[PDB]
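Trainee: Below are the structure tokens for one structure; questions will follow.
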Amino acid sequence: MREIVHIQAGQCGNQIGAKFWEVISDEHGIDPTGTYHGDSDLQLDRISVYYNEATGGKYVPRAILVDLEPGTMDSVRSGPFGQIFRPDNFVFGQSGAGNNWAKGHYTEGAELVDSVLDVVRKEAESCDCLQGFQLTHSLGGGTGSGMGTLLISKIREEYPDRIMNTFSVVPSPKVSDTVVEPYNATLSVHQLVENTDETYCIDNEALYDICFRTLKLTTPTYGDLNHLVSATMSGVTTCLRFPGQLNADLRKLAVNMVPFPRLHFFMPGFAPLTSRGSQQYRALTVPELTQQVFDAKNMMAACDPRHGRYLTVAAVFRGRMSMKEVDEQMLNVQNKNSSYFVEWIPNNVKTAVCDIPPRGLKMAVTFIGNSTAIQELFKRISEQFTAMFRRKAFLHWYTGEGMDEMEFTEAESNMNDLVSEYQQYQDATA
Amino acid sequence: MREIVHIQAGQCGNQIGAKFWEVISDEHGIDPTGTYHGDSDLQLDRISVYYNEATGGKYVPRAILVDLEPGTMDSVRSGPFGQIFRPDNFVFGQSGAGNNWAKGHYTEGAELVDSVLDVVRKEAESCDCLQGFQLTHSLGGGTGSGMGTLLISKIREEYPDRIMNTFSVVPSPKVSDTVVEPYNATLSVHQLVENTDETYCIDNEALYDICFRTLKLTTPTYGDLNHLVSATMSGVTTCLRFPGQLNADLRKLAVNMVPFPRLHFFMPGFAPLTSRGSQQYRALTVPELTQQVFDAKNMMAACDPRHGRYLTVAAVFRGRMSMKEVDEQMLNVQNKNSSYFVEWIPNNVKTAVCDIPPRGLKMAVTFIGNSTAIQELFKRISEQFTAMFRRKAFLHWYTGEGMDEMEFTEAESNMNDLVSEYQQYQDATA
Amino acid sequence: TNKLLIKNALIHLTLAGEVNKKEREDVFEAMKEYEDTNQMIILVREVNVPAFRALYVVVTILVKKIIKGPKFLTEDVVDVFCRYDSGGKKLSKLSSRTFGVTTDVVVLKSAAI
Amino acid sequence: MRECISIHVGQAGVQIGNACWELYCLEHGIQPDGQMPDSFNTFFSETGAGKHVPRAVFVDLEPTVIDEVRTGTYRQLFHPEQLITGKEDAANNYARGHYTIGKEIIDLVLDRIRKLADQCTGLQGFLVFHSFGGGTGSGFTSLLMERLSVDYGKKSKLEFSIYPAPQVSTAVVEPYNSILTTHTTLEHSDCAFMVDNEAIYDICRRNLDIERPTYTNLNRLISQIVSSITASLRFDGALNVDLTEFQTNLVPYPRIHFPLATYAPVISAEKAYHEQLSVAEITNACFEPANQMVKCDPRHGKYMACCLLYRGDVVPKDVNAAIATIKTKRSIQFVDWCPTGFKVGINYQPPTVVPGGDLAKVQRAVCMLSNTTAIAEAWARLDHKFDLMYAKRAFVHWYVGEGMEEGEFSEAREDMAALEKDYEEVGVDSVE
Amino acid sequence: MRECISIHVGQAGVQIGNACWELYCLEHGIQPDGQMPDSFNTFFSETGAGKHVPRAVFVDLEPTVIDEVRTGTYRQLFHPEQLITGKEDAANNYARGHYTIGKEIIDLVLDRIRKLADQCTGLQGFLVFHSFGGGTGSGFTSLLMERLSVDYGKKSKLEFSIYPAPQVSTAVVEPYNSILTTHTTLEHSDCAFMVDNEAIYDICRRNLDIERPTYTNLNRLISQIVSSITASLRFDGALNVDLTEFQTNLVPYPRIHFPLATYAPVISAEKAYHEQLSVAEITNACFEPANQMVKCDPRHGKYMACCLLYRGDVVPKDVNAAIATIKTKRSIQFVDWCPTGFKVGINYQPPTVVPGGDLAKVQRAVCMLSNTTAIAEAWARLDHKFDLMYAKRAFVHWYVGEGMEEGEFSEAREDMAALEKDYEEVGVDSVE
Ligand SMILES: CC(=O)O[C@H]1C(=O)[C@@]2(C)[C@H]([C@H](OC(=O)c3ccccc3)[C@]3(O)C[C@H](OC(=O)[C@H](O)[C@@H](NC(=O)c4ccccc4)c4ccccc4)C(C)=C1C3(C)C)[C@]1(OC(C)=O)CO[C@@H]1C[C@@H]2O
Ligand SMILES: Nc1nc2c(ncn2[C@@H]2O[C@H](COP(=O)(O)OP(=O)(O)OP(=O)(O)O)[C@@H](O)[C@H]2O)c(=O)[nH]1
Ligand SMILES: Nc1nc2c(ncn2[C@@H]2O[C@H](COP(=O)(O)OP(=O)(O)OP(=O)(O)O)[C@@H](O)[C@H]2O)c(=O)[nH]1
Ligand SMILES: Nc1nc2c(ncn2[C@@H]2O[C@H](COP(=O)(O)OP(=O)(O)O)[C@@H](O)[C@H]2O)c(=O)[nH]1
Ligand SMILES: Nc1nc2c(ncn2[C@@H]2O[C@H](COP(=O)(O)OP(=O)(O)O)[C@@H](O)[C@H]2O)c(=O)[nH]1
Ligand SMILES: [Mg+2]
Ligand SMILES: [Mg+2]
């Protein structure tokens, strides 16, 4: 019960999702065909949270794949773990977005939305009890920022009391791999802050240093960056689909975490991150797993946690350990970081433990931050938006595709109000 | 408990410590890997005085290795007992000091200093109860006198109620293996008399005579000079990590020893020192090991002990023996040297006995001297400083690297005050 | 004095990080005209989470006020009397209920607020 | 003869109940399959066929921990109509367990109690196991005390409330679920017990030399305390106590009914030697701050009433010897208006060790129950959290849009504002 | 019955107690595991089960020598809460055993003593074993006589101080840790024994023909002396003496309470023949300079009040004959004002030989505990060592920076300035 429908989008999330179901099929012992080869019968006790079961004992991923070109969908269908999907679920147009939020929302998004929501309607009826929808996309591109934020402005219209976690791979501060990423982001945050309950904002530049400094690699391919992101994607919902000493779900990780109806931007984190040869120099203990987490150089979001203050902190653990060790170490890193935590929220450390580690380790922490450290991330986007609006460069690809110039002034005053709420309603300490 | 962090620095201190961890692994039965192969369980009683215990029963040294160029670091990492360290600890720079105290403390040392103190901070939190820090370096060079005494000007700013023993291999009187070592020392004694509790000054010339006369060797390599120094470094802390009769530690060897807050410049001594074939001519007894010690030709500091006078004497014995023989011979050597000790300190011989000898012998003595006989060591350096400042040779390499000429007037009246305090407060008799 | 014990504790347990850089740099020079005073103590809101509220001095038996919080301290209003540990940057709870040469970290009482 | 049913609301109730209903099967030879190889007819209405089944209702909204009971060691013991699942949990939202979801299955629980409440005639009391943290343990007790005090009313009811710790916190709205339930559960309860999370870890570490405990091991030390309140209903004793008696001896006012339990001896197997365990010894172990199970200093406030539920080979003179030592001491100070507020129950059975457990095999034991003044500081704590997390209106929109008016929050503090003044009212002495 | 507890502060207090608690187990048949295959109820508060555990508190600041007790032969014997460790020693610093580290765990010791003094009603006395050398030894003891003479006050208290030797020394601030403790231990002790390190080597070499002794074999001679004071409590005798009777006969003035032991026969196994061991032989052996366990000449000063504690097969007539010889002898000169300052206790049990020990199995023994005048020269010694280490202010900054005023050091000698004069005040003869 409590099913999750996994809607994918864009070039980015379809290559994230091609790696995410590689993670999930191995925890439950699922082959490329769709049969079962797992060892623990605890796997199939909650196989119906992600996997509809079909004839012959096969399983299909409850996944809806959305694109506008046939490019990446042809890659995944020929790639590994490609035959496991349903060939009905592959929905794609032919025009192609081509890095355009105006095209992905009005020109082509608003013409092929009904080939998607009918398949959503098919899978909501496959559910026993609808729990929530997860979307995997990016604010940088055109499809994942255009087609996703159209569907969130359609799903909450149709399923208004379900939780909607989205992954949005936030553009890095230094390098810009898109010339209009200050125009594909600000026109998406306007659409996300009104209709998403939680948004696991993940950067890129901070994810290379983890491949450089901590993992100690040389050539970080995207197959070893999304590999690290999909480790965190399963780390949220693993407490739902497994027995734990202290259980948590998507809803308990939503109620405890969102104080005001706008400030729901999370910055995750994962531990342990060993090396290939340096794995045998550290102790695999709960005081060691926690002190890895609360530094700056293992935050996947490229913003300094020492700038700005934490509000709510979740620490979803995994693996079997001792509850006193957890309760001690959730205090010990709250003693020394007590200058960083906020005043007017006492005891702001949510905890949750599972009883099954990831397949091969012994214990693992998944971190879910929520700070005012992401005030300069939006301050960065709202300042790049300011210069390119004054020259009004790149404007004729949007105005010619059915869009008004006041809408670009709507979102700029929108986000610069939201940056102030991380400053007005941060330091109010009565 | 009572952990010790072993910071290493310079070219010399790294090559000393690369022999010192060869010593500690053999008393405690540690292989080149880091597992355990010792016989007696008394090795593992206080194994946590130098070792973070990692997974799988492996042990790693609590050792921080600091350099400014990777020359020696590439040697030790490829040398024997090289894989035992932690590859997080090897913090090093790239430019290289190259015989320049103004570079390793202002130019290059004062930029990559926070890359060291984070790993220092990480290992003080690994401690159960922090006891003290032992730094191993040399006054002659540039790094071990510039980067090391910067760290004592940072650690005492951070860990003020701990004890800080240093080893500083003093330049020999006759031969000089460094052109500007009267400038690398006088600018370092200023940074050690105010911030270190004890300092085990070692000359080189005295350590060649012992390899020549007493050991009766022909070719003393540095692998046999430091080998005699590393016999003494594990001669002090071996009473802290082994059950002896009259126990002493790094603190009791500091409280009993240092009468004034400035006169803490020690001169060690080890015995028995046999030959390869002449070992079968002397009785290995307590009255025989003592009379070897209190001569001149077995002091590792090249200064004549009959000139000047002792203030205090510590004689840390090792191995199992009889406490009357110790109480008799410490009396007996104060009978015949009764004009070489000082008047105004009665019963000026501190003594302690361990119960485990060095592995292979029957008994051993670690002498820890303290005298006014190191007044001519500083009278030698501060007179070599006097002529080379009058002609002000080699001055532009320091002025150009961020230094004023007043600092050579501060440190010159500093040391000439220190020599007077071995003369003002030497012959005060009442 | 014990000048290095408090100044180390200002930027490692109580006011540490980029957030309060306006705060602690304001109060270094506030006690620069002081600190020839033989002992200074700090205030902490809770032993649960050590946070800064007040820096105090002890001028030779009366506790003067310097930079928010009360002006004088008694034995009654203060709950615990702690000691700043240097090795693990935590709080060593002293057993002495009264003052001393050593103690720096105190925690007040909600009945006194 | 006299029968009592047990209700297990929320996860903290069920996993405690997984440790209780392991212990009662061992104290009587009851198999895990309901078999056994006449005083135990209080908790086990048996079949005419040879099988004893418990008197237990395991209500839950999420099916996670219930399926661990249906597949656990005690699969065969329970009647599977008792095990009531749900769809989606209240999930730390108080108005999702009192209004939205728990209203759907409130008829299935009450009707299943209705079938158990007419299996015998000596319907004695109610054992509710729940916490105050989450959305079910405090959001569904307050609905279930609303119903069962209207159906029955004139009964005796017991809540074993796991208390929210002053230091350890596994929730964020942990004060937004205790002040809300105390608006409801105050005026319809009889004796709500406080057990703290933090104070057991001090007892598990120091008094046992167990450095790495588990929630398996914390729940043993609460199952032993529950098995000493209802010890007299299952075993013959010198001076039996009843569940109808605890409402009278320990509740001096219609408001103050919050005792804190205390157990002794708690020593390991290796330290089961080396001391003699007299009842002058094991009584002074109870009256120290080292053996509290709420993180409060007992030497701050004053004990109003007490209780001592001894068991095992206890000599009743030495009790009277050990009590007379206590009232003439310096630190232990009762309230002036109470003459002497002890109430002693001697039972004839030593506590039974659990296999693979922590505690040693001792001969005598004590479950001290104490309604003291000094829990008022622990109630002054959860007003200060309401003082700060409500001036900024944190976490309110998860409550308002779930069938809850946010004018109630300014009302529910006045409930606790009067209750904090009542301990200050009783704790002072009426002169003249 | 009559019970006495024992505190072992410092290493020398512990290692003496490691030799003492080997002897009490042998003198009663007690195994090292607390077993045995009613007079021994003075040190062994036994369990109801068959096990006897000692009434001993081992306190130390450094965990080294405690781990040798926790791994030694007597591992299974002690109740492990008694073995109180610490973190870092005072380390020959007096203000680190009285202000810094001792204040941390002073409540861990006193509350543990608090749970021993309420085990019996015949609380007789205290046996604090400590040296004067180390920082724990005379630094943590002087806080403990401060505390126990406020808790108890009216009891009897006994120290056993390993005296700092006049010529041999194994410390440097050894004349600092004695003048500072004498400011504190003087007004709270009641009989502080001086045992010298140097004078035992003169006995082990000469009278035993053992040329290479050890601290294993210097502690055997102090373990026999402690088992000659408490032999009358542990056994039946003709003329018993008690631990309230020592403080009356031996303390002629409230200041002077510094006696010194003496023990005969200290002879080997080969010389256990060749003589006859009459009680007039070994009595004169006590009054020789060759059997003084403080390196002082007894024929310089005077004896104020001797005390002989015979044991074993002793005939009380020849005792009176042996005393009648002594007061007529020429060299032994008592003080004028004392009529006759003897006090004799005849006991029945002989000293039992320790296996692997130095002494032979003899029939009789004597523990002369003389309170003499001649220790005034030994107090004139540690005022000369104080002054030459104070005009230059040697080692003072290790004291001032640990919570100690350096104006106090001009006052603790003024304590000793009066106490040096008091021996000269009493040692003179009052004319007219
Ligand atoms: C069969 C046998 O007993 O051989 C001995 C030996 O013959 C003699 C001659 C050894 C030997 O020492 C030397 O040959 C020597 C050469 C250069 C510099 C210093 C020493 C020995 O190598 C040294 C070695 O010492 C140790 O093993 C100690 O643990 C020592 N260890 C090291 O120095 C060491 C050497 C190589 C690698 C790692 C460690 C030690 C001393 C103090 C503190 C810590 C460790 C011993 C007893 C032996 C040999 C093998 C021949 C002597 O030295 C020591 C330090 O023990 C020299 O006079 C002593 C007397 C020994 O009897
Ligand atoms: N004593 C004890 N308390 C426990 C145990 N497991 C969890 N808890 C406590 O349970 C509290 C949380 O209450 P829950 O009932 O689980 O929350 P809920 O939302 O109402 O119910 P669920 O979400 O369905 O689990 C916390 O305060 C935990 O400390 C346990 O084994 N023993
Ligand atoms: N007679 C005797 N004296 C001992 C023994 N062990 C140590 N001593 C003496 O004790 C003195 C040293 O002082 P100690 O008090 O023991 O030192 P400590 O107890 O370890 O105190 P700290 O180390 O300073 O904490 C010296 O005079 C030693 O000769 C022993 O077994 N027998
Ligand atoms: N982490 C990650 N980021 C990716 C991946 N592929 C593309 N991106 C990022 O996605 C952004 C480009 O958006 P994209 O999804 O390709 O365009 P769209 O198809 O129009 O949504 C850039 O910031 C890329 O770095 C991938 O496999 N992993
Ligand atoms: N005892 C000893 N002295 C050494 C060794 N290596 C270098 N030295 C001495 O160290 C001095 C040179 O300093 P060095 O440490 O190499 O330079 P730095 O790297 O700038 O600190 C000279 O006096 C050398 O004799 C060694 O292995 N053993
Ligand atoms: Mg629950
Ligand atoms: Mg000691």
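Chains: A, B, ... in order of the structure tokens. Residues: from 1 per chain. Ligands: from 1, in order shown.
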Which polymer residues have any atom within 8 Å of an atom of stretch 117-134 of chain B, counting only C-alpha atoms, with same-chain residues fewer than 6 positions away left out, as a list in words?

Mentor: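 Result of the neighbour search: residues 1, 2, 3, 4, 5, 6, 7, 52, 62, 64, 89, 162, 163, 164, 165, 166, 167 and 250 of chain B; 87 and 88 of chain C; 87 of chain E.
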
Trainee: Identify, on the basis of only C-alpha atoms, every residue whose closest approach to stretch 280-284 of chain E does not exceed 8 Å; exclude the query and any residue fewer than 4 positions from it along the same chain; express the result as a PyMOL selection string.

Mentor: chain E and resi 264-265+288+318-319+321-322+326+366

Trainee: Please produce a file of the residues just selected, as a PDB file, in the first residue's frame, where the atoms kept are N, CA and C atoms.

Mentor:
ATOM      1  N   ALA E 264      59.428  -6.450  65.857  1.00  0.00           N
ATOM      2  CA  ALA E 264      60.342  -7.556  66.085  1.00  0.00           C
ATOM      3  C   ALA E 264      59.511  -8.818  66.246  1.00  0.00           C
ATOM      4  N   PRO E 265      60.032  -9.987  65.852  1.00  0.00           N
ATOM      5  CA  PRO E 265      61.309 -10.308  65.223  1.00  0.00           C
ATOM      6  C   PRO E 265      61.297 -10.199  63.701  1.00  0.00           C
ATOM      7  N   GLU E 288      66.261  -0.494  70.328  1.00  0.00           N
ATOM      8  CA  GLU E 288      67.551  -0.256  69.720  1.00  0.00           C
ATOM      9  C   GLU E 288      67.415   0.727  68.566  1.00  0.00           C
ATOM     10  N   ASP E 318      56.442 -12.380  82.363  1.00  0.00           N
ATOM     11  CA  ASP E 318      57.729 -11.984  81.812  1.00  0.00           C
ATOM     12  C   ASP E 318      57.658 -10.642  81.103  1.00  0.00           C
ATOM     13  N   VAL E 319      56.472 -10.277  80.614  1.00  0.00           N
ATOM     14  CA  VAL E 319      56.216  -8.927  80.125  1.00  0.00           C
ATOM     15  C   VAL E 319      56.492  -7.909  81.218  1.00  0.00           C
ATOM     16  N   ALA E 321      58.254  -8.519  83.768  1.00  0.00           N
ATOM     17  CA  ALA E 321      59.685  -8.609  84.014  1.00  0.00           C
ATOM     18  C   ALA E 321      60.470  -7.833  82.968  1.00  0.00           C
ATOM     19  N   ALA E 322      60.000  -7.833  81.719  1.00  0.00           N
ATOM     20  CA  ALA E 322      60.727  -7.141  80.660  1.00  0.00           C
ATOM     21  C   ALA E 322      60.619  -5.633  80.812  1.00  0.00           C
ATOM     22  N   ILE E 326      63.531  -2.196  81.832  1.00  0.00           N
ATOM     23  CA  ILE E 326      63.752  -1.078  80.918  1.00  0.00           C
ATOM     24  C   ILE E 326      63.831   0.244  81.666  1.00  0.00           C
ATOM     25  N   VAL E 366      55.524  -8.044  68.213  1.00  0.00           N
ATOM     26  CA  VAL E 366      55.366  -6.804  68.960  1.00  0.00           C
ATOM     27  C   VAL E 366      55.320  -5.643  67.978  1.00  0.00           C
TER      28      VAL E 366
END

Trainee: Find the distance between atom CA of residue A:336 and atom CA of residue C:43 and write it in Å to one decimal.

Mentor: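 Between atom CA of residue A:336 and atom CA of residue C:43 the gap is 15.6 Å.
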
Trainee: Could the residues that lie within 7 Å of ligand 3, counting only C-alpha atoms and all ligand atoms, be listed as a compact mmCIF listing (two decimals) with N, CA, C and O atoms, in the first residue's frame?

Mentor:
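Output saved as out29.txt:
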# COMPACT_ATOMS: atom_id res chain seq x y z
N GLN B 245 56.49 0.31 38.82
CA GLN B 245 56.38 0.42 40.26
C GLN B 245 56.14 1.87 40.67
O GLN B 245 55.10 2.21 41.23
N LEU B 246 57.11 2.73 40.40
CA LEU B 246 56.99 4.15 40.70
C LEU B 246 56.72 4.87 39.38
O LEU B 246 57.65 5.19 38.64
N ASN B 247 55.44 5.09 39.08
CA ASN B 247 55.04 5.56 37.76
C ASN B 247 55.26 7.06 37.59
O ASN B 247 55.13 7.84 38.54
N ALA B 248 55.58 7.45 36.36
CA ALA B 248 55.70 8.85 35.98
C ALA B 248 55.08 9.04 34.61
O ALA B 248 54.85 8.09 33.86
N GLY E 10 45.96 7.51 46.64
CA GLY E 10 47.29 7.53 46.07
C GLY E 10 47.79 6.14 45.75
O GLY E 10 47.20 5.13 46.14
N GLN E 11 48.90 6.09 45.02
CA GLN E 11 49.46 4.80 44.61
C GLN E 11 50.03 4.03 45.79
O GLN E 11 49.78 2.83 45.93
N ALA E 12 50.79 4.71 46.65
CA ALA E 12 51.39 4.06 47.81
C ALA E 12 50.34 3.58 48.79
O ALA E 12 50.53 2.55 49.44
N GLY E 13 49.22 4.29 48.89
CA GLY E 13 48.11 3.76 49.65
C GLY E 13 47.52 2.51 49.04
O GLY E 13 47.14 1.58 49.75
N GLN E 15 49.13 0.32 46.82
CA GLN E 15 50.06 -0.81 46.77
C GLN E 15 50.35 -1.38 48.14
O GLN E 15 50.66 -2.58 48.25
N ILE E 16 50.26 -0.57 49.20
CA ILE E 16 50.27 -1.13 50.54
C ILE E 16 49.01 -1.97 50.77
O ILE E 16 49.08 -3.09 51.28
N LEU E 61 43.42 8.88 40.84
CA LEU E 61 43.14 9.83 39.77
C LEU E 61 43.63 9.35 38.42
O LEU E 61 43.00 9.64 37.40
N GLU E 62 44.74 8.63 38.38
CA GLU E 62 45.29 7.97 37.21
C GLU E 62 44.84 6.52 37.16
O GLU E 62 44.80 5.84 38.18
N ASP E 89 46.15 12.33 36.57
CA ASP E 89 46.57 12.42 37.96
C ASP E 89 46.91 13.85 38.34
O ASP E 89 47.09 14.73 37.49
N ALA E 90 47.01 14.08 39.65
CA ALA E 90 47.47 15.37 40.14
C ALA E 90 48.93 15.60 39.79
O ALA E 90 49.34 16.75 39.59
N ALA E 91 49.70 14.52 39.72
CA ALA E 91 51.05 14.48 39.14
C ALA E 91 52.02 15.39 39.89
O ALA E 91 52.58 16.33 39.33
N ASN E 92 52.19 15.09 41.18
CA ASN E 92 53.09 15.78 42.10
C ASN E 92 52.82 17.27 42.20
O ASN E 92 53.71 18.06 42.50
N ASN E 93 51.58 17.67 41.95
CA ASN E 93 51.15 19.05 42.06
C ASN E 93 50.04 19.06 43.10
O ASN E 93 49.02 18.39 42.93
N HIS E 130 47.97 6.45 52.75
CA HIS E 130 48.42 7.43 51.77
C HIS E 130 49.87 7.78 52.08
O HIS E 130 50.30 7.69 53.22
N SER E 131 50.60 8.19 51.05
CA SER E 131 51.96 8.68 51.27
C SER E 131 51.92 10.19 51.47
O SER E 131 50.86 10.79 51.62
N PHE E 132 53.09 10.82 51.48
CA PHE E 132 53.18 12.26 51.39
C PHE E 132 53.74 12.74 50.07
O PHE E 132 53.71 13.95 49.81
N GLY E 133 54.26 11.85 49.24
CA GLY E 133 54.95 12.26 48.04
C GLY E 133 54.05 12.80 46.96
O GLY E 133 54.06 14.00 46.68
N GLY E 134 53.23 11.92 46.38
CA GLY E 134 52.52 12.23 45.16
C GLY E 134 51.44 13.28 45.33
O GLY E 134 51.10 13.72 46.43
N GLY E 135 50.89 13.70 44.19
CA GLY E 135 49.86 14.72 44.21
C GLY E 135 48.54 14.19 44.71
O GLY E 135 47.78 14.92 45.35
N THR E 136 48.25 12.93 44.43
CA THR E 136 47.06 12.32 45.00
C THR E 136 47.25 12.04 46.48
O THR E 136 46.33 12.24 47.28
N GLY E 137 48.46 11.64 46.87
CA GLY E 137 48.74 11.10 48.19
C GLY E 137 48.48 12.02 49.36
O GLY E 137 47.69 11.69 50.24
N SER E 138 49.13 13.18 49.38
CA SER E 138 48.87 14.17 50.41
C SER E 138 48.05 15.33 49.88
O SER E 138 47.96 16.37 50.55
N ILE E 162 53.43 7.13 54.59
CA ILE E 162 54.79 6.80 54.18
C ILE E 162 55.61 8.09 54.21
O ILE E 162 55.41 8.98 53.38
N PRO E 164 58.48 10.94 53.98
CA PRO E 164 59.54 11.25 53.02
C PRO E 164 60.91 11.08 53.65
O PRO E 164 61.22 11.70 54.67
N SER E 169 65.59 10.22 48.16
CA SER E 169 64.33 10.83 47.74
C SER E 169 64.06 10.49 46.28
O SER E 169 64.99 10.39 45.48
N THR E 170 62.78 10.32 45.96
CA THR E 170 62.33 10.02 44.61
C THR E 170 61.38 11.07 44.07
O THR E 170 60.55 10.77 43.21
N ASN E 197 60.81 5.17 54.18
CA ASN E 197 61.30 4.30 53.12
C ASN E 197 62.72 3.83 53.40
O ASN E 197 63.03 2.66 53.21
N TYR E 215 59.68 -3.25 46.17
CA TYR E 215 58.45 -2.73 46.76
C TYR E 215 57.41 -3.82 47.02
O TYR E 215 56.47 -3.58 47.77
N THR E 216 57.55 -4.99 46.39
CA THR E 216 56.81 -6.16 46.85
C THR E 216 57.21 -6.52 48.28
O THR E 216 56.35 -6.83 49.11
N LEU E 218 59.01 -4.52 50.53
CA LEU E 218 58.92 -3.50 51.56
C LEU E 218 57.50 -3.32 52.06
O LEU E 218 57.30 -2.80 53.16
N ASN E 219 56.51 -3.73 51.27
CA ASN E 219 55.13 -3.59 51.69
C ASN E 219 54.68 -4.72 52.60
O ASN E 219 53.70 -4.55 53.33

Trainee: So how far away is atom CA of residue E:88 from atom CA of residue B:359, in Å?

Mentor: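 Result for atom CA of residue B:359 versus atom CA of residue E:88: 27.8 Å, one decimal.
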
Trainee: Write down, as a PyMOL selection string, each residue of chain B that has any atom within 7 Å of an atom of chain E, counting only C-alpha atoms.

Mentor: chain B and resi 243+251-252+255-256+259-260+322-324+327+331+344-351

Trainee: Just list the residues in stretch 12-162 of chain A DSSP gives helix (DSSP H, G or I) on the backbone, as a PyMOL selection string.

Mentor: chain A and resi 12-27+44-49+55-57+71-78+101-107+114-126+143-146+148-158

Trainee: Which residues of chain A are close to chain C, meaning at most 7 Å apart when you count only C-alpha atoms, and how do they look as a PyMOL selection string?

Mentor: chain A and resi 306-308+334-336+338-339
